[PDB]
Every structure is written in structure tokens, then in C-alpha cells.
2 protein chains.
Amino acid sequence: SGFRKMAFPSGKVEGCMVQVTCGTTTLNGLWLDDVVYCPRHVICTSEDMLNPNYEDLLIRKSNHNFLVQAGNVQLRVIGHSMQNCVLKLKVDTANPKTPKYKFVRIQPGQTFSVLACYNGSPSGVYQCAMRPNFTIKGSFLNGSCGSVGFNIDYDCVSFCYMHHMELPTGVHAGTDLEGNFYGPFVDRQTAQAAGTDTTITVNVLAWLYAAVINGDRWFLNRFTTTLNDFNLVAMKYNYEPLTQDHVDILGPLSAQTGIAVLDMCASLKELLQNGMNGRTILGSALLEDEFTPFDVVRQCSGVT
Amino acid sequence: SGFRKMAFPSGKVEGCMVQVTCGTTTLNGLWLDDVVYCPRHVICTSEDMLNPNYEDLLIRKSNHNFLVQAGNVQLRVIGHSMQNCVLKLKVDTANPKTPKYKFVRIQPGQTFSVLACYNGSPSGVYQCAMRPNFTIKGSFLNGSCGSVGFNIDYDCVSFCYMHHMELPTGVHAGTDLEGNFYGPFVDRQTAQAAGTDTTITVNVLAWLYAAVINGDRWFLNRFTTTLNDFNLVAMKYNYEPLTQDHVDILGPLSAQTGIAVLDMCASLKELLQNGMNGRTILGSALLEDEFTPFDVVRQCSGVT
Ligand SMILES: O=C(Nc1nncn1C1CC1)[C@@H]1CCOc2ccc(Cl)cc21
Ligand SMILES: O=C(Nc1nncn1C1CC1)[C@@H]1CCOc2ccc(Cl)cc21
């Protein structure tokens, strides 16, 4: 028993991290097969960032300007191209440590592990969720750009995020591995509105099920609710509206604990209306929304 | 910016994980050089666990009874010995993926990453602290025994914990890599008292400094306190008494933010006496004690 904010083991990703330097800018790249992926802003100086013309800036660069280093060994760049906000540096050597991998665009509300890196070196790993507003609340300092988010299914690493920037509000923004930003963000030093964020209701319900499985049941009550009534409360408390698709995804956890989804919804409604009253659920004094129903099942059945 | 409960990258540890089977029991082992380390209770059946005579149980085992598997390849056991609560299985092959490593006995209140494993396969990684009462609050299911806790300093992995058991209270207990239990625990299925636990005061102060560095300052106030006065409040709220050694370890964070340690102590005293009042600090609605002052400095300066 026990339930923790668990990251995927990062080994397969560590073997893909490289350092990319262009001019005076150094950040991280992801080396898969014979391509290194990195944020295109590696080609900007600090002054270029107000409003960079990336197509023009990239035209002044040649393959020999992109210094790619994997640990201590230097990679030979034989091509470069910009795809949305990422650069693809073709190298003459396929990464011998390339795992089975896929590039995926995750949905808001889904979770992933981030391997935070500096100068191509892994610093740490943490699990987070993509907020409904397409930002992530990470831990990223200058030089962390190019760090990636991923999930693993057996031996296949699905890369879903590459880190690009910190908005003036301290929240984080990045792209899929085809360089498409999640959300409305652009890779320029300008104030940018992140939309209204909401709490990921299906994740909070999943975590309440994780709580019951792991011994915490104080919040269970004698009530039930309906999707309509629960969504009125979800509206008031800035929670994502619950749908039958969300209810279906909670099916396995509802079957495992014997607590109907709408009965768990009534517990959540009471917690929203009354708070925790100085109590905790799985070491938390707030309603946790960074575990999907899949994460709860995977953690509770010990999937390797 | 941003502050997360970050684990060390687990790659170097993943390469050391093996599956050890003895009879009908399977758990994890740590393969370093030509030795595999695992909990001695791999030699018990479920019935042996009430009160096992480990010396007698081990006498009925030969090297050929310990099945050690690294991924798909089988290791040849050429020796076995019990050291406290761990077995050391000498194998004929040194692990080619053995990193630079040390075995260390951590102090209560220190933190470490756990790589949770099942059948020799890594499932996830999370950071936790050794409680003042020598238990850990992990996420461990049947078969997770043998999973290890560690810290990394550049390229050296200091292994500090090997998981042995879950107490009837749902908390976790384990040993150092020489098989000495942390705390009063014994590897037998019997009810065992974990001592009175306390909150790790120096860690909460470190995390309050991490909060200030990362933009959260609502809790800062116009007051100060003394070690004596703060310790009266620490006593009442079951916090570890603060010493000048703790104050010295917070020196770097006090110098970085310009907030004297006793002034941060007055903020903590007000938070203890009045609560958060429905507010949060770094995404938490309670006072976090799983970040040491070293973790805060390391996270805030991007150490790889
Ligand atoms: O955000 C950036 N780096 C970053 N990403 N996570 C953390 N950090 C550092 C600032 C704390 C760079 C520097 C600031 O100016 C910009 C502007 C646009 C872009 Cl794409 C990147 C950047
Ligand atoms: O605790 C144990 N395994 C374990 N450790 N973390 C999680 N879990 C499973 C139970 C949930 C085993 C089985 C229970 O009985 C015992 C008794 C003594 C010893 Cl050393 C190990 C064990």
C-alpha cells in the first residue's frame, strides 16, 4: 500500500539527452536515432527573443554552428531543419541508446514525467499534469529548455513534451515533439495570457479512489448525486465538468472499491462545499488532480 | 522557477536491478560488481514469516536455489551469505552497468529517491524522507521488497535503503545495504511499534525558503523569535526541536533570500499557530517536510 506522486523510471530518456550549443546559447536536445531535437530558440541571443524572425536567424546558421555533445563525445551535424518551434539536427551517428519510442500529443489533463536537464545532464525527474489551460507547473531554470516529458508503456517511451519557456507568471510552456506549442503560446519574450485554468475533476475522483484503496476513507459519506447536480458544484468551484466518458474511465476503480462513481462524486461535492476541516487525504490537505485514473490503476497493480 | 518533489534520475539504479527467486518467493535484488543484494526474507514461505529462524532456513538453501535474473539473462550464483537482514549472492559475472557507488546509512530527516520495482523491473521513482521515527511512507506492493533508496552526487550513487516490509499500519520499513534495519523493526510478520514521529523542522524551514525563492511570500511577517521561543511552539506542534546545527545548515538559504533564520522561524511559528487560512505554499495546503536544505539549494541552482 501507499500512494506517491511517482514518475516513470528515467533511464531510457537519460540515454537520449544531449547538449546543443549555437553561438552563445546552450540548452538540451533529445537524440533519437540519427536526429537531435531541440527548441529553435537555441539560435537566438537574449536580445533576439523580443520578436525573433526564426526563419532569418536560422538562415545565418550552418550545420557546423550547432555544437552537439553527448556526455563527452561530439556529434557531427550533417543537416538542420526547423519544424514549427523545434530544430531537427541530423547527425551522422544513430544514438546507440535509442529506446523504442513514439511522439505523441497529449490531451490536457493527462500526466507525464519530466526529466529536468542542464547542459545535456539529467538533474531530476518529476511527474506532473498538463493543465486544462495547456501549461505545466514545473521546476525549470535557465538552460532547462529542451528537457522532455514522456510516458512509458513497457519498453516504449512516448515523448509528449519538450520544454520551451517560463511565462512571466512563473508557469511553463512547451511543445509536442513536432514543435507545436500546447496552448496559445509563442516562443518569444512577450507577456502571454494562459487561459482560465480548471481542476481536473476525473483525476481528483481517481485520487479519491486511490485514497480509499490505500486506507483513507474519512471523506466517504451517505450521499449520492447526479452528473447534473455535481456539475453545478463543479461549475462553482472551477472544476472541469464531468462527462459519461470520465465516468467510464473511472469504471475499473469503481469496480475495484465497490463505490459507484456518482457516490464518489457526492464525497467530492461535500469536500468542495465544506473543505477538509483540517484533515488530510494521502498526505495532502488539498484535492489532488495530478493522477489520472490510469495512473491510479498502474500504481495500485505494480505495473513495470 | 518552480519547485517540485523531484527524484534523482534513476538510470544508474535501473541497470542494477535484478529478480531473485528462492523457492516460491520472488523479489528484487541489487546487482553491484559481482554481488547481488536482496532481503533475506526471500528464503521464507508465507508461513515461515510469523517467526522465521533465518539461520536455519538459509542452511537448507544452496547457491543453485537462488534464481537470479537480470532482464532475460540468468546469473550464476557461486556464493551466498547473510549479513544482518540481507543476503549477498556472489555471482560469476560483474554487472557491466555497475555505476560508481557507496553504501551509506542515512540520518532520520534526510531524503532519498526510491526506485519501486517488481520482478526486477522498475515501475516508478519517487522522492521521500526517512521519518524521524525511521519509517518511510512509500508506495510498495507485494514483490516490491528489494527496491532501493539512493542519492546521487555527480556520477556516484549512494545507496541508503533497501525495502523490506510494510508494518500493519501501512508504513514502510527497511534496512541500509549492510542489512541493518532503520529503527526498531525486525523482518517478521508481527505487530511492531513505530515510535512517535515528528515533523522535520529544518526541512519545513528549507521549503519555506524554497517558497520565497519561487515567488510565494504571503507567509512572511513582521516578527522574529528566538530558538527557545520557537522550540516551545515546536514542542506543542510535534516538530523536531531546532538547533544551531540546523540554523547553520540553513545559512546558504538565509544568505540567498536575505531572510534571517529566526525571522523564518517566526513565519513558521505563525503558520503553526494559525494555519494556512485556506491558502497554499508551493501547491501545498500543509507544511512540507520532505525537502532538506541541500535539496532546496540543489533544485534552485540546477545541479546535474
Ligand atoms: O523562458 C526561458 N527559459 C526558461 N524556461 N523555463 C525556465 N526558464 C528560465 C527563465 C527562467 C527563456 C529565457 C527567458 O525568455 C525566454 C523567452 C522565450 C522563450 Cl521561447 C524562452 C525564454
Ligand atoms: O511486508 C511485506 N511486503 C511488503 N513490503 N511493502 C509492501 N508489502 C506488501 C504487504 C503489502 C511482506 C509480506 C507481508 O508480511 C511480511 C512480514 C515481514 C516481512 Cl520482512 C515482509 C513481509
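By convention in this document, chain letters (A, B, ...) are assigned in the order of the sequence lines, proteins followed by strands, and residues within each chain are numbered from 1. Counting convention: from 1, in listed order, for ligands and their atoms alike. Note that these values count all heavy atoms, side chains included, but never hydrogens, waters or copies made by symmetry.
Considering each of A:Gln192, A:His172, A:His164, A:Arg40, the one bringing a non-hydrogen atom nearest atom 21 (C) of ligand 1 is A:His164. Of the options B:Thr25, B:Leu141, B:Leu50, the smallest heavy-atom separation from atom 8 (N) of ligand 2 is shown by B:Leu141.
Considering A:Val125, A:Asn28, A:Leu30 as possible partners of A:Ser147, the one that fulfils the side-chain contact (heavy atoms from CB on, under 4.5 Å) test is A:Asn28.
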Worked check of side-chain contact (heavy atoms from CB on, under 4.5 Å) between A:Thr175 and A:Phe185: CA-CA 9 Å; A:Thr175 64; A:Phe185 313 107; over 6 Å; no
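For atom 17 (C) of ligand 1, the nearest protein heavy atom is under 4.0 Å away. In this structure, atom 12 (C) of ligand 2 has no protein heavy-atom contact shorter than 4.0 Å.
When heavy-atom distances to ligand 1 are checked against a 4.0 Å cut-off, A:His163 comes that close only through its side chain, counted from C-beta outward. Residue-level proximity to ligand 1 for A:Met165 is carried by backbone and side chain together, each with a heavy atom below 4.0 angstrom.
The ligand atoms of ligand 2 that sit less than 4.0 angstrom from a heavy atom of B:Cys145 are 3 (N), 4 (C), 5 (N).
Residue B:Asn214 holds its CG atom at 12.0 Å from CZ of B:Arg4, rounded to the nearest 0.5 Å.
Inspection of the B:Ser1 and A:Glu166 side chains reveals an N or O donor paired with an N or O acceptor under 3.5 Å. Under the 3.5 Å distance criterion, with hydrogens and angles disregarded, a donor-acceptor pair is assigned to the side chains of A:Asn133 and A:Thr135.
If you look at A:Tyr37 and A:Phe159, their ring centroids are not closer than 6.0 Å.
The N/O atoms of A:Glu166, backbone and side chain alike, include one that comes under 3.5 Å of an N/O atom in ligand 1.
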